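Notes for the one structure printed next.
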Protein chains: 2
Amino acid sequence: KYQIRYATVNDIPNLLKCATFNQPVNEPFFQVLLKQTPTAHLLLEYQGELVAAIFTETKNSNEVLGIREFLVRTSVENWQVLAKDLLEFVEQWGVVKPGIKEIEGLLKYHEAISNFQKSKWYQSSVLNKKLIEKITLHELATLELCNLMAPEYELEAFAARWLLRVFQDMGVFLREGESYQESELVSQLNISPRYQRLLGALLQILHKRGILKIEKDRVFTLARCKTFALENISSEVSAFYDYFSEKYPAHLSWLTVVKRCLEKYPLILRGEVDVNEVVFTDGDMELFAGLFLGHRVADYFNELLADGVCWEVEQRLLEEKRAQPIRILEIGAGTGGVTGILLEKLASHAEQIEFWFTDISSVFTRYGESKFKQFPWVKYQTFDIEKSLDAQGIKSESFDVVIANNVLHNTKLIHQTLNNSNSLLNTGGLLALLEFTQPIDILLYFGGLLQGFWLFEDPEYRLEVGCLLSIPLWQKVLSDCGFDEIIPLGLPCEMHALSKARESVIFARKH
Amino acid sequence: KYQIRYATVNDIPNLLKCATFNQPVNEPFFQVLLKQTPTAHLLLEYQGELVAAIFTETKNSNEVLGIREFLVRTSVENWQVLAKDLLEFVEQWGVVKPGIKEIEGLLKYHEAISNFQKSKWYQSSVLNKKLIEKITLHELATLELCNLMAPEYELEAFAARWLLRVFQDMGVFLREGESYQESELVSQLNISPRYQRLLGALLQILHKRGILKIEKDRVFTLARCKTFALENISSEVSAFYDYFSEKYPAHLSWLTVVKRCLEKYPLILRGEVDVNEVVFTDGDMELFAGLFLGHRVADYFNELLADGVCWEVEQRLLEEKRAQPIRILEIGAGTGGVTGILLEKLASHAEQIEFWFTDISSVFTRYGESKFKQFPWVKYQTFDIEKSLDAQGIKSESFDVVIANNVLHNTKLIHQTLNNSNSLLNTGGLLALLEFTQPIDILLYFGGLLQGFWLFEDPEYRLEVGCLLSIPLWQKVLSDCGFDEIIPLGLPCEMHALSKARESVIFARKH
Ligand SMILES: Nc1ncnc2c1ncn2[C@@H]1O[C@H](CSCC[C@H](N)C(=O)O)[C@@H](O)[C@H]1O
Ligand SMILES: Nc1ncnc2c1ncn2[C@@H]1O[C@H](CSCC[C@H](N)C(=O)O)[C@@H](O)[C@H]1O
C-alpha cells in the first residue's frame with residue numbers, strides 16, 4: 001500500500017510542507033544534502049502523498065549514523081504508524097551500510113511520534129523563515145531586556161509606589177500586619193461594582209512587589225509597605241515627570257496617561273468620575289495613539305506585524321488563477337497607528353488588495369477614514385468580532401488576512417473569539433496578532449479602567465487575574481480553534497524565552 | 001497539667017523566643033497591644049514554660065474577632081497538640097465575648113500547626129530585627145535589579161558571545177543543527193579530565209541564552225548560534241574593554257579576570273596551560289581581592305555581613321557572667337577583604353573578643369597577618385572545614401561566631417561541611433555566610449577553573465550543574481544540620497523574591 005524510496009530534489013516542495021523535529025525546513029539546505037549524499041535520505045509515500053521523511057548524516061570519522069532531520073506530514077491519516085515504519089526501515093537499512101557501526105539515538109524519535117505534541121515540532125513556510133532572519137539580524141539583536149525595557153520597568157516601579165499611596169489615601173495599608181479579605185476591601189474602599197475585579201489586579205501588582213501577601217482567603221500587608229509608598233505625591237511625581245520625560249522622551253505618552261489616571265484614582269475607583277473625562281480629555285485621541293508608536297520596542301513589533309503581512313500578500317500575489325482581490329481585514333483598528341505603517345507597505349500592490357479598516361466603534365472607523373481617505377482601496381465598516389458575521393453583513397471565509405492588534409483579549413470567551421476569527425478566513429488565510437503576553441502592571445492603570453478588559457469569563461485560559469494570554473496559552477487556544485503554523489515572535493534576545501515575554505507578534509494559519 | 005491565662009507585659013521576653021505565623025516579633029509592639037487590650041491575648045503555659053500564645057484584634061466596626069498573631073514555642077515537646085488546645089479555647093472564649101459575631105479565619109492556623117513547615121514561620125531575635133531595618137532603609141532600597149546588577153549583566157552578555165566563539169575556535173558550533181553527546185565533545189575538544197564537568201557548566205551557559213538546546217542525551221546547536229559569537233575577538237574585546245572600564249570602573253577587576261581567562265580558554269581547557277600562570281599573574285593577589293569590594297552591591301553585602309556580626313558581638317557583651325573572651329573564627333578568610341572591614345568594626349571591643357583569621361592555605365593566613373599584624377587580638381591558623389577538628393588542633397563547640405564568605409560551597413558534601421561548622425560553635429553560636437545563590441555565569445569563567453568548585457558529590461543539594469546552593473537549598477541544609485533562626489538576606493528590592501537572588505548574606509544559629 002505504501003512505498004519507501006530515496007528523497008530527490010523533486011521532493012523538496014513537498015518536504016517544505018512537513019512538520020520537523022530538529023529545526024525549521026530550508027529549501028537551499030535540503031538541496032545541498034540531496035546533492036552531497038543522494039542515497040542517504042529516505043521518504044515514505046502513500047498514494048503519491050508524502051507522509052514521512054528522514055535525513056541522515058555520518059559522524060565520528062564515518063562510523064556512526066545519525067538522524068539529521070525527521071519530517072512528518074501530520075494531516076495524513078495514519079501517519080504515526082507510517083512514520084514508525086520508516087524509522088524501523090532506516091534502522092535496518094542504516095546498520096548494514098558500508099562502514100557504519102551504530103545508529104545514534106533513535107529512541108527520541110520513536111517517543112516523539114507515539115506521544116505526539118504538536119508544539120514541540122517546528123513547522124515552516126516562507127513567512128516563518130523570513131521573520132526569523134529579520135529578527136536574527138535586527139539592529140536590536142545585540143541588546144538585552146534591561147536596556148530595551150528600561151522605560152517600562154522604571155515607570156512601573158514608580159507607579160507601584162504611587163499606587164500603594166493611593167490605597168493609603170483610601171484608608172488601607174498604612175501599617176504592616178493588617179489583615180483583610182478581598183470582599184471586605186471592596187466594601188471598605190467603596191469600589192464601584194465595575195472595578196471590583198480591577199481591584200484584584202491592583203492588589204496583585206503590590207503582591208508581586210512584596211508589599212502584600214495575597215493568599216487563598218486573605219490580603220496581608222508586609223513590612224515593606226511601611227516605607228514603599230510615595231510620601232508627597234505632588235512633588236515626587238513632578239520630580240519623576242521631569243526625570244522621565246527628559247530621559248525617555250519617546251515614552252512620554254505612557255507617563256502622561258498613568259499620571260492622569262493615578263492622580264484621580266480614588267474617584268475613578270469609587271465610580272465618582274468617568275475615565276473618559278479624565279484621560280480621554282476632550283477627545284484627545286492623539287495622546288492615546290502615541291502609546292503604541294514612537295519608541296523602538298513598539299516600532300519593532302509594528303515592523304514585524306507589518307512586514308509579515310506584506311510578505312504574505314506578495315506570496316499570494318505569485319499565484320496565477322488571479323481573479324478576486326486579496327482581502328485584508330483589521331479588527332479593532334482603533335486610531336490606525338500600526339495600520340498606517342502597513343497601508344504604506346501594501347500601497348504598492350493597491351490594485352490586487354482590498355483592505356477593510358474596521359472597529360467596533362463608529363468613532364474609530366470615522367477616525368480611520370479621516371486618516372486614510374486618500375487610499376481608494378481601504379473600506380470602512382463597524383465590526384464586532386464577538387458578534388455574528390451574518391448579522392453584520394460579512395461573508396464568512398472570504399478574507400485572506402485578518403489583523404488584530406491588542407484587541408482579541410478584550411472579549412468574553414477567547415475560544416469563541418478565535419472561532420469567529422477562523423470564520424473570517426478562507427482555508428490557508430493568515431491570522432496576524434500583536435498581543436501583550438505577560439500580566440504587565442503598566443497596562444492595568446488605564447487599560448484596566450475600560451470595560452472590555454473585564455468581559456472575560458474563561459479565566460482558566462488567562463494569566464493571573466487579568467484578560468491577557470501568555471505565548472503558551474495562545475498556542476493552546478489557536479490550535480484548539482483550527483489554526484496551525486503558529487509563529488510566536490518576541491524581541492530577538494528572548495526568542496528562546498517567550499513564555500516570559502511581555503509582548504509578542506503571533507502569526508497563525510487556518511487549516 | 002497546663003494553664004491558659006492572659007498574656008502580660010512580663011511575658012514579653014518569652015514571647016520574643018517564639019516562632020510567629022504572621023510577621024516577626026517586635027518588643028515595643030507587644031507592649032502596645034498588651035497596654036491597649038489587656039484581656040484580648042491568651043497564652044498557654046506548661047510547667048512555667050511558655051508554649052503557645054494568641055493575640056486577637058476586633059475588626060469591622062467591632063463585630064468580628066481576628067487573630068493578630070499566633071506564637072508557638074517549637075522546642076516544647078508536644079507543642080502541636082497544646083497549640084491546638086489553645087486555638088480551640090480561643091474560639092470558645094471569643095464567640096461569647098461582648099459584641100462579637102464571628103471569629104475570622106481559624107482554619108488557616110489549624111492547618112499551619114498540624115502540617116508544620118518550619119520555613120513558613122518567622123522567627124526573631126534582636127539580630128533579625130536590626131538587619132531588616134537596615135535593609136529597609138538602605139540607600140539602595142530605592143533602586144531595582146536592572147540598575148544594581150547592570151555591570152554583571154552586561155559583562156555576562158558579552159562573555160557569553162566570547163565563549164561561543166571560543167567553542168567555534170575549538171571546532172564546534174559554527175553551524176545550526178549540529179548534534180553532539182556530551183561525552184563526545186569532551187573527546188572532540190580534548191578537554192582535560194579536570195575540566196570535563198566545567199565543560200558541562202559552560203554548555204549550560206549557552207543553553208540558557210538560546211544558543212544550544214541541551215536535552216537528556218544530546219547537545220543541539222540552534223539558529224541563534226550562527227550570529228551570536230564575536231566575529232573578531234581582538235578588536236571587539238578591546239572595544240568592549242574601553243566601554244566597560246569607563247562606564248563601570250568599580251567592576252574593572254571582574255572584566256580583567258574574565259578577559260585573561262577567555263583569551264587563553266582553549267589552552268586552559270585542554271590542560272596545556274595552568275590557570276595560576278594566566279590569571280594569578282606573578283602572585284598578583286590584589287587583582288583577585290578587588291573582585292569582592294569596591295562596588296556598591298559587594299560593599300552592601302559586606303556591610304550586611306559585618307554589621308550582623310558586630311551586632312551579635314555587642315549582644316553577647318551585654319551578659320554578666322563574663323570570663324572567657326568571645327571567640328570569632330573566619331573560615332577561608334582568603335585575602336581578608338571583608339575581614340578588614342569587620343576587624344575595623346570589632347576593633348572597639350578588642351579586649352573581650354578573640355578573632356581567628358583562618359584559611360586552608362598557609363599562603364592566605366600569612367597574607368592575612370601581613371595585613372592585620374597591628375591587631376594584637378587576631379590569631380592565625382590553617383584550617384580546613386572538611387577536615388577533623390581534633391587533627392587540626394581546634395576545640396569543638398568553642399566559638400561564638402563562625403564566618404564563611406563564599407567558601408562553604410567549595411566542598412565535597414554540603415551536609416558534612418555544615419555539620420563540621422556546627423561542631424565549631426557552642427549552642428547559640430552564630431553562623432554568618434556570604435554566598436552566591438544562583439548558578440551565575442560570571443563565576444564560572446574563573447571560579448570554575450579552580451578544583452574546589454568541583455569537589456561536590458551531592459548534586460541533589462546543588463543548583464543546575466555547579467556547586468552553588470540557592471536560598472531554599474541553604475535553608476533546607478542548614479535546618480538538616482542543626483541550625484534554626486535562619487535569616488536569608490538579599491538586596492532590598494528582592495527580599496520577597498530571594499529564591500532568584502544572585503547573592504545572599506545568611507545568618508543562622510546553633511540550637
Ligand atoms: N469586540 C470588539 N470587536 C471589534 N473591535 C473591538 C472590540 N472591542 C474593542 N474593539 C476596538 O479595539 C480597540 C481596543 S485596543 C485598540 C488597539 C488598536 N489597534 C489601536 O491602534 O488603537 C478600540 O478602538 C475598540 O474600539
Ligand atoms: N575546605 C576549605 N577549608 C577552609 N578554607 C578553604 C577551603 N577551601 C578553600 N578555602 C579557602 O577559601 C578561599 C576560597 S573563596 C575565597 C573567599 C575569601 N573570603 C576571600 O575574601 O578571599 C581560598 O582562599 C581558599 O584558600
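Ordering of the C-alpha cells sets the chain letters (A, B, ...), residue numbers begin anew at 1 in every chain, and ligands are numbered from 1 in the order given.
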
Could you go through stretch 279-472 of chain B and tell me which residues DSSP, when run on the backbone, assigns to strand (DSSP E), listing them as a count of residues only? 37

Please extract the residues at most 9 Å from ligand 2, counting only C-alpha atoms and all ligand atoms, and provide them as a PyMOL selection string, using the chain letters and residue numbers of this document. chain B and resi 288-289+291-292+330-339+358-365+382-387+403-412+417+434+447+452

Write a file of the just-selected residues containing C-alpha atoms, as an mmCIF file, in the first residue's frame.
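Dumped everything to part28.cif:
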data_model
loop_
_atom_site.group_PDB
_atom_site.id
_atom_site.type_symbol
_atom_site.label_atom_id
_atom_site.label_comp_id
_atom_site.auth_asym_id
_atom_site.auth_seq_id
_atom_site.Cartn_x
_atom_site.Cartn_y
_atom_site.Cartn_z
ATOM 1 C CA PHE B 288 41.784 38.960 42.687
ATOM 2 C CA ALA B 289 40.921 40.626 46.018
ATOM 3 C CA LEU B 291 36.584 41.229 42.884
ATOM 4 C CA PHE B 292 34.706 41.397 46.195
ATOM 5 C CA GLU B 330 36.556 33.100 59.829
ATOM 6 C CA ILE B 331 36.766 30.082 57.521
ATOM 7 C CA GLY B 332 38.627 30.668 54.260
ATOM 8 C CA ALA B 333 39.379 34.296 55.040
ATOM 9 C CA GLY B 334 41.483 34.425 51.878
ATOM 10 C CA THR B 335 42.853 37.889 51.147
ATOM 11 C CA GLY B 336 40.829 39.232 54.081
ATOM 12 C CA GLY B 337 38.829 41.743 52.062
ATOM 13 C CA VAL B 338 35.588 41.504 54.008
ATOM 14 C CA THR B 339 37.676 40.598 57.080
ATOM 15 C CA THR B 358 41.996 31.133 59.065
ATOM 16 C CA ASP B 359 42.328 29.591 55.610
ATOM 17 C CA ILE B 360 43.066 26.155 54.218
ATOM 18 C CA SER B 361 46.233 27.587 52.614
ATOM 19 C CA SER B 362 49.199 28.819 54.613
ATOM 20 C CA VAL B 363 49.679 31.342 51.778
ATOM 21 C CA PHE B 364 46.500 33.183 52.795
ATOM 22 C CA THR B 365 46.992 33.134 56.559
ATOM 23 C CA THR B 382 45.454 26.990 58.841
ATOM 24 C CA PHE B 383 42.061 25.329 58.995
ATOM 25 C CA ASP B 384 40.226 23.057 56.554
ATOM 26 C CA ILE B 385 36.480 22.936 57.261
ATOM 27 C CA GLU B 386 36.277 19.488 55.613
ATOM 28 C CA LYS B 387 38.939 18.021 57.923
ATOM 29 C CA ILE B 403 32.177 33.373 59.402
ATOM 30 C CA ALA B 404 32.390 31.831 55.930
ATOM 31 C CA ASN B 405 32.418 34.167 52.901
ATOM 32 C CA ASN B 406 31.794 32.222 49.657
ATOM 33 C CA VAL B 407 33.820 29.159 50.662
ATOM 34 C CA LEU B 408 31.484 26.540 52.103
ATOM 35 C CA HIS B 409 30.200 25.507 48.667
ATOM 36 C CA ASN B 410 33.752 24.533 47.587
ATOM 37 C CA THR B 411 33.457 21.241 49.461
ATOM 38 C CA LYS B 412 32.527 17.653 48.739
ATOM 39 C CA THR B 417 30.575 20.832 55.842
ATOM 40 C CA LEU B 434 28.005 35.223 52.285
ATOM 41 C CA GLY B 447 35.909 30.300 39.676
ATOM 42 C CA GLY B 452 37.358 23.302 44.902
#

Exercise answer, chain B residues close to chain A, 6 Å and only C-alpha atoms, as a list in words: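 Residues satisfying the distance criterion: residues 146, 210 and 496 of chain B.
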
Per-residue DSSP, stretch 317-492 of chain A, filtered to alpha helix (DSSP H), as a VMD selection string: chain A and resid 337 to 346 362 to 372 414 to 424 441 to 447 471 to 480

Atoms to include: N, CA and C atoms. Write the selected residues as a compact mmCIF listing (two decimals), in the first residue's frame.
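Result file is selection.txt:
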# COMPACT_ATOMS: atom_id res chain seq x y z
N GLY A 337 -2.82 53.34 14.16
CA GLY A 337 -1.40 53.62 14.29
C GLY A 337 -0.55 52.62 13.55
N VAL A 338 -0.69 51.34 13.89
CA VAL A 338 0.02 50.30 13.16
C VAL A 338 -0.56 50.16 11.75
N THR A 339 -1.86 50.47 11.58
CA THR A 339 -2.49 50.38 10.27
C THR A 339 -1.81 51.29 9.27
N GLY A 340 -1.41 52.48 9.71
CA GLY A 340 -0.81 53.44 8.80
C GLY A 340 0.52 52.96 8.25
N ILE A 341 1.32 52.29 9.08
CA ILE A 341 2.60 51.80 8.58
C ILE A 341 2.37 50.61 7.66
N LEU A 342 1.28 49.88 7.85
CA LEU A 342 1.03 48.75 6.98
C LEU A 342 0.47 49.21 5.64
N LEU A 343 -0.44 50.18 5.66
CA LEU A 343 -1.00 50.65 4.40
C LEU A 343 0.08 51.22 3.50
N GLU A 344 1.06 51.92 4.08
CA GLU A 344 2.19 52.40 3.29
C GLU A 344 2.97 51.25 2.69
N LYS A 345 3.06 50.13 3.40
CA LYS A 345 3.77 48.96 2.91
C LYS A 345 3.00 48.31 1.76
N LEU A 346 1.69 48.09 1.96
CA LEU A 346 0.86 47.43 0.96
C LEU A 346 0.52 48.33 -0.21
N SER A 362 -18.08 53.09 15.71
CA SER A 362 -18.16 54.03 14.60
C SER A 362 -17.21 55.21 14.77
N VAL A 363 -16.91 55.60 16.01
CA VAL A 363 -15.99 56.71 16.24
C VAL A 363 -14.62 56.42 15.62
N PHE A 364 -14.16 55.17 15.69
CA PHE A 364 -12.82 54.85 15.23
C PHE A 364 -12.75 54.53 13.74
N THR A 365 -13.84 54.03 13.15
CA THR A 365 -13.82 53.89 11.70
C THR A 365 -13.84 55.25 11.02
N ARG A 366 -14.53 56.24 11.61
CA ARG A 366 -14.52 57.58 11.03
C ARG A 366 -13.19 58.28 11.27
N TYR A 367 -12.60 58.10 12.45
CA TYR A 367 -11.20 58.47 12.65
C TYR A 367 -10.33 57.89 11.55
N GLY A 368 -10.56 56.61 11.22
CA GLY A 368 -9.71 55.94 10.25
C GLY A 368 -9.84 56.56 8.87
N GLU A 369 -11.07 56.81 8.44
CA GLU A 369 -11.25 57.38 7.11
C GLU A 369 -10.75 58.82 7.06
N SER A 370 -10.77 59.52 8.19
CA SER A 370 -10.14 60.83 8.24
C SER A 370 -8.65 60.74 7.96
N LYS A 371 -8.01 59.64 8.36
CA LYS A 371 -6.58 59.46 8.16
C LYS A 371 -6.23 58.82 6.83
N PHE A 372 -7.11 57.98 6.27
CA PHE A 372 -6.77 57.18 5.10
C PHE A 372 -7.72 57.39 3.92
N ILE A 414 -12.27 33.50 24.89
CA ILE A 414 -11.23 33.56 23.86
C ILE A 414 -11.43 32.50 22.78
N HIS A 415 -12.04 31.35 23.13
CA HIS A 415 -12.31 30.31 22.14
C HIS A 415 -13.42 30.73 21.19
N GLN A 416 -14.41 31.46 21.67
CA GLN A 416 -15.42 31.96 20.74
C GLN A 416 -14.84 33.07 19.86
N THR A 417 -13.92 33.87 20.38
CA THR A 417 -13.35 34.94 19.57
C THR A 417 -12.48 34.39 18.45
N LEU A 418 -11.69 33.35 18.74
CA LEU A 418 -10.82 32.81 17.70
C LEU A 418 -11.61 31.97 16.69
N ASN A 419 -12.65 31.26 17.15
CA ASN A 419 -13.57 30.63 16.21
C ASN A 419 -14.14 31.66 15.24
N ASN A 420 -14.65 32.78 15.77
CA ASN A 420 -15.18 33.82 14.89
C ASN A 420 -14.09 34.35 13.97
N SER A 421 -12.86 34.52 14.48
CA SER A 421 -11.76 34.91 13.62
C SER A 421 -11.52 33.86 12.54
N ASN A 422 -11.53 32.58 12.93
CA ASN A 422 -11.43 31.49 11.96
C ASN A 422 -12.51 31.60 10.88
N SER A 423 -13.76 31.89 11.28
CA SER A 423 -14.85 32.04 10.31
C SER A 423 -14.57 33.14 9.29
N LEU A 424 -13.79 34.15 9.65
CA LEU A 424 -13.49 35.21 8.70
C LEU A 424 -12.63 34.71 7.54
N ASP A 441 2.07 45.33 34.71
CA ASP A 441 1.44 46.39 35.50
C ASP A 441 1.00 47.55 34.62
N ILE A 442 1.93 48.06 33.79
CA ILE A 442 1.73 49.31 33.05
C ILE A 442 0.34 49.34 32.42
N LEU A 443 -0.14 48.19 31.94
CA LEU A 443 -1.39 48.13 31.20
C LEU A 443 -2.61 48.22 32.11
N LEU A 444 -2.47 47.86 33.39
CA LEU A 444 -3.64 47.87 34.26
C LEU A 444 -4.12 49.28 34.54
N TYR A 445 -3.18 50.23 34.73
CA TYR A 445 -3.54 51.52 35.32
C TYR A 445 -4.60 52.24 34.51
N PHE A 446 -4.50 52.18 33.18
CA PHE A 446 -5.51 52.74 32.30
C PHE A 446 -6.29 51.68 31.53
N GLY A 447 -5.61 50.71 30.92
CA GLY A 447 -6.33 49.68 30.19
C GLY A 447 -7.32 48.94 31.07
N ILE A 471 2.17 33.44 25.68
CA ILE A 471 2.51 32.70 24.46
C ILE A 471 1.99 31.25 24.49
N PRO A 472 2.28 30.45 25.54
CA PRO A 472 1.74 29.08 25.55
C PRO A 472 0.22 29.01 25.53
N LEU A 473 -0.47 29.86 26.30
CA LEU A 473 -1.93 29.85 26.25
C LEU A 473 -2.43 30.20 24.86
N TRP A 474 -1.77 31.16 24.18
CA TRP A 474 -2.16 31.49 22.81
C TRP A 474 -1.93 30.30 21.87
N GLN A 475 -0.80 29.61 22.03
CA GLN A 475 -0.57 28.43 21.21
C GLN A 475 -1.65 27.39 21.46
N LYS A 476 -2.03 27.20 22.72
CA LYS A 476 -3.06 26.21 23.03
C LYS A 476 -4.39 26.62 22.41
N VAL A 477 -4.81 27.87 22.60
CA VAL A 477 -6.14 28.24 22.12
C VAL A 477 -6.17 28.32 20.59
N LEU A 478 -5.10 28.81 19.96
CA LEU A 478 -5.09 28.84 18.49
C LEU A 478 -5.20 27.45 17.88
N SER A 479 -4.50 26.46 18.45
CA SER A 479 -4.65 25.09 17.95
C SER A 479 -6.05 24.56 18.21
N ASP A 480 -6.60 24.84 19.39
CA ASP A 480 -7.97 24.41 19.69
C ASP A 480 -8.99 24.99 18.71

Write out as a PyMOL selection string each polymer residue whose atoms come within 8 Å of stretch 73-80 of chain B, counting only C-alpha atoms; drop sequence neighbours fewer than 5 positions from it. chain B and resi 17-19+50-52+113-114

Selection: 7 Å around residue A:311, only C-alpha atoms, excl. self and same-chain fewer than 4 positions, as a short mmCIF file (atom, residue, chain, number, x, y, z; two decimals) with N, CA, C and O atoms, in the first residue's frame:
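Resulting contents of out17.cif:
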data_model
loop_
_atom_site.label_atom_id
_atom_site.label_comp_id
_atom_site.auth_asym_id
_atom_site.auth_seq_id
_atom_site.Cartn_x
_atom_site.Cartn_y
_atom_site.Cartn_z
N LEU A 127 6.97 32.52 5.11
CA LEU A 127 6.75 33.55 6.12
C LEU A 127 7.59 33.31 7.37
O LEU A 127 8.37 34.18 7.79
N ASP A 307 5.63 43.80 8.19
CA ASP A 307 6.42 43.06 7.20
C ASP A 307 5.86 41.65 7.01
O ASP A 307 5.85 41.13 5.90
N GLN A 315 3.47 36.76 -1.35
CA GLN A 315 3.42 35.31 -1.58
C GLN A 315 2.17 34.94 -2.37
O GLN A 315 2.24 34.21 -3.36
#

Using Å and a single decimal, report how far atom CA of residue B:356 sits from atom CA of residue B:327. 7.5 Å

To one decimal place in Å, what is the distance between atom CA of residue B:21 and atom CA of residue B:88?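 Interatomic distance, atom CA of residue B:21 to atom CA of residue B:88: 17.1 Å.
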
Using only C-alpha atoms, which residues sit within 10 Å of residue A:355 once same-chain residues fewer than 6 positions away are excluded, as a PyMOL selection string? chain A and resi 325-330+343+346+375-380+399+401-402

Restricted to N, CA and C atoms, what would the selected residues look like written as a PDB file, in the first residue's frame?
ATOM      1  N   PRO A 325      -9.641  40.002  -5.761  1.00  0.00           N
ATOM      2  CA  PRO A 325      -8.592  40.681  -4.997  1.00  0.00           C
ATOM      3  C   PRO A 325      -8.337  40.012  -3.658  1.00  0.00           C
ATOM      4  N   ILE A 326      -7.137  40.255  -3.148  1.00  0.00           N
ATOM      5  CA  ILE A 326      -6.748  39.777  -1.834  1.00  0.00           C
ATOM      6  C   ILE A 326      -7.350  40.712  -0.795  1.00  0.00           C
ATOM      7  N   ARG A 327      -8.111  40.144   0.133  1.00  0.00           N
ATOM      8  CA  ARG A 327      -8.933  40.916   1.048  1.00  0.00           C
ATOM      9  C   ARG A 327      -8.320  40.805   2.430  1.00  0.00           C
ATOM     10  N   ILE A 328      -7.980  41.952   2.997  1.00  0.00           N
ATOM     11  CA  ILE A 328      -7.381  42.065   4.318  1.00  0.00           C
ATOM     12  C   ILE A 328      -8.390  42.752   5.215  1.00  0.00           C
ATOM     13  N   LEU A 329      -8.536  42.255   6.442  1.00  0.00           N
ATOM     14  CA  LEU A 329      -9.404  42.888   7.423  1.00  0.00           C
ATOM     15  C   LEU A 329      -8.626  43.125   8.697  1.00  0.00           C
ATOM     16  N   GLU A 330      -8.723  44.335   9.254  1.00  0.00           N
ATOM     17  CA  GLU A 330      -8.133  44.623  10.558  1.00  0.00           C
ATOM     18  C   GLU A 330      -9.245  44.788  11.586  1.00  0.00           C
ATOM     19  N   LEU A 343      -0.441  50.183   5.660  1.00  0.00           N
ATOM     20  CA  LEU A 343      -1.002  50.648   4.398  1.00  0.00           C
ATOM     21  C   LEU A 343       0.082  51.221   3.496  1.00  0.00           C
ATOM     22  N   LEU A 346       1.694  48.093   1.956  1.00  0.00           N
ATOM     23  CA  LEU A 346       0.861  47.432   0.957  1.00  0.00           C
ATOM     24  C   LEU A 346       0.516  48.335  -0.212  1.00  0.00           C
ATOM     25  N   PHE A 375      -6.632  56.738   0.312  1.00  0.00           N
ATOM     26  CA  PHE A 375      -6.405  55.400  -0.228  1.00  0.00           C
ATOM     27  C   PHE A 375      -7.706  54.845  -0.798  1.00  0.00           C
ATOM     28  N   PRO A 376      -7.861  54.752  -2.126  1.00  0.00           N
ATOM     29  CA  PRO A 376      -9.126  54.283  -2.700  1.00  0.00           C
ATOM     30  C   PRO A 376      -9.493  52.869  -2.278  1.00  0.00           C
ATOM     31  N   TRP A 377      -8.509  52.030  -1.965  1.00  0.00           N
ATOM     32  CA  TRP A 377      -8.664  50.596  -1.755  1.00  0.00           C
ATOM     33  C   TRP A 377      -8.941  50.214  -0.296  1.00  0.00           C
ATOM     34  N   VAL A 378      -9.070  51.184   0.610  1.00  0.00           N
ATOM     35  CA  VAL A 378      -9.405  50.918   2.007  1.00  0.00           C
ATOM     36  C   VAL A 378     -10.900  51.151   2.179  1.00  0.00           C
ATOM     37  N   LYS A 379     -11.590  50.158   2.740  1.00  0.00           N
ATOM     38  CA  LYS A 379     -13.018  50.206   3.010  1.00  0.00           C
ATOM     39  C   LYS A 379     -13.223  50.265   4.517  1.00  0.00           C
ATOM     40  N   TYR A 380     -14.351  50.824   4.929  1.00  0.00           N
ATOM     41  CA  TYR A 380     -14.624  51.033   6.344  1.00  0.00           C
ATOM     42  C   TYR A 380     -15.918  50.343   6.736  1.00  0.00           C
ATOM     43  N   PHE A 399     -11.864  36.265   3.661  1.00  0.00           N
ATOM     44  CA  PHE A 399     -10.674  37.074   3.871  1.00  0.00           C
ATOM     45  C   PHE A 399      -9.412  36.230   3.819  1.00  0.00           C
ATOM     46  N   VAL A 401      -6.280  37.703   4.937  1.00  0.00           N
ATOM     47  CA  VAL A 401      -5.501  38.117   6.093  1.00  0.00           C
ATOM     48  C   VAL A 401      -6.454  38.788   7.069  1.00  0.00           C
ATOM     49  N   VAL A 402      -6.425  38.360   8.333  1.00  0.00           N
ATOM     50  CA  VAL A 402      -7.111  39.050   9.418  1.00  0.00           C
ATOM     51  C   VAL A 402      -6.074  39.547  10.422  1.00  0.00           C
TER      52      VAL A 402
END

Suppose you want the space between atom CA of residue B:131 and atom CA of residue B:296; what is it in Å?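 If I compute the distance from atom CA of residue B:131 to atom CA of residue B:296, I get 17.6 Å.
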
Looking at A:185, A:198, A:164, A:287, which one is nearest to ligand 1, with distances taken over only C-alpha atoms and all ligand atoms?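 Of all the options, A:287 lies closest to ligand 1.
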
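Distances to ligand 1 were evaluated for A:312, A:285, A:297, A:303 using only C-alpha atoms and all ligand atoms, and the minimum falls at A:285.
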